[PDB]
Amino acid sequence: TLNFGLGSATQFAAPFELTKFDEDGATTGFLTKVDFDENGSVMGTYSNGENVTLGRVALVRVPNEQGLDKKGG
Amino acid sequence: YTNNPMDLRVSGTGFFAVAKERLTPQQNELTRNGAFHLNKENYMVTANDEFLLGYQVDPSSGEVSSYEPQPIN
């Protein structure tokens, strides 16, 4: 089924014009590029065009950093 | 100079007051070293996890109201 949203449709003196057309469809694709933003989210764009967000990078904070026991490496 | 903000020094006359236990500020000892850090409860403690005694100032008035010592949180 298809849901059509035309909440921005207007009627003015201007000629016919297709200002905006957006869909949620997608097709198979291959990983094209990967980048990291300031929020830690790792985003990657595919061949289809979807900017899928793979995930975020966890951050851990302890109240007392001086009390952490030291492992190797 | 260690450029560590948690390190303190008393220039002149006076000793730091540290309490063995948080709930007994009365039982305190005097010291001069200032190697302080936050424990797991976010209290300023010495190397031996002895709580540092401090005052409680008024919200607006700079003058401290009560002169009893209490742990600094």
# chains A, B, ... in the order shown; residues from 1 in each chain; ligands from 1
$ interface_residues --of "chain A" --to "chain B" --cutoff "9 Å" --atoms "only C-alpha atoms" --output "NGL selection string"
:A and (62-67)
$ write_last_selection --atoms "C-alpha atoms" --output "PDB file, in the first residue's frame"
ATOM      1  CA  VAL A  62      34.102   6.129  35.911  1.00  0.00           C
ATOM      2  CA  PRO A  63      33.789   8.441  38.949  1.00  0.00           C
ATOM      3  CA  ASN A  64      37.323   7.616  40.160  1.00  0.00           C
ATOM      4  CA  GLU A  65      39.769   7.154  37.293  1.00  0.00           C
ATOM      5  CA  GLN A  66      42.741   6.850  39.678  1.00  0.00           C
ATOM      6  CA  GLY A  67      41.329   3.601  41.068  1.00  0.00           C
TER       7      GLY A  67
END
$ residues_around --residues "stretch 2-4 of chain A" --least-positions-apart "5" --cutoff "12 Å" --atoms "only C-alpha atoms" --output "PDB file with C-alpha atoms, in the first residue's frame"
ATOM      1  CA  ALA A   9       0.742  21.528  -1.887  1.00  0.00           C
ATOM      2  CA  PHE A  21       9.219  14.477  -4.289  1.00  0.00           C
ATOM      3  CA  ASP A  22      10.347  12.102  -1.544  1.00  0.00           C
ATOM      4  CA  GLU A  23       9.850   8.362  -1.072  1.00  0.00           C
ATOM      5  CA  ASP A  24      10.948   5.668   1.375  1.00  0.00           C
ATOM      6  CA  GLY A  25      11.766   2.986  -1.188  1.00  0.00           C
TER       7      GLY A  25
END
$ residues_around --residues "residue B:65" --least-positions-apart "3" --cutoff "8 Å" --atoms "only C-alpha atoms" --output "list in words"
residues 56, 57 and 58 of chain B
$ select_by_dssp --residues "stretch 9-72 of chain B" --states "strand (DSSP E)" --output "list in words"
residues 16, 17, 18, 19, 28, 29, 30, 31, 37, 38, 44, 45, 51, 52, 53, 54, 55, 56, 57, 64, 65, 66, 67, 68, 69, 70 and 71 of chain B
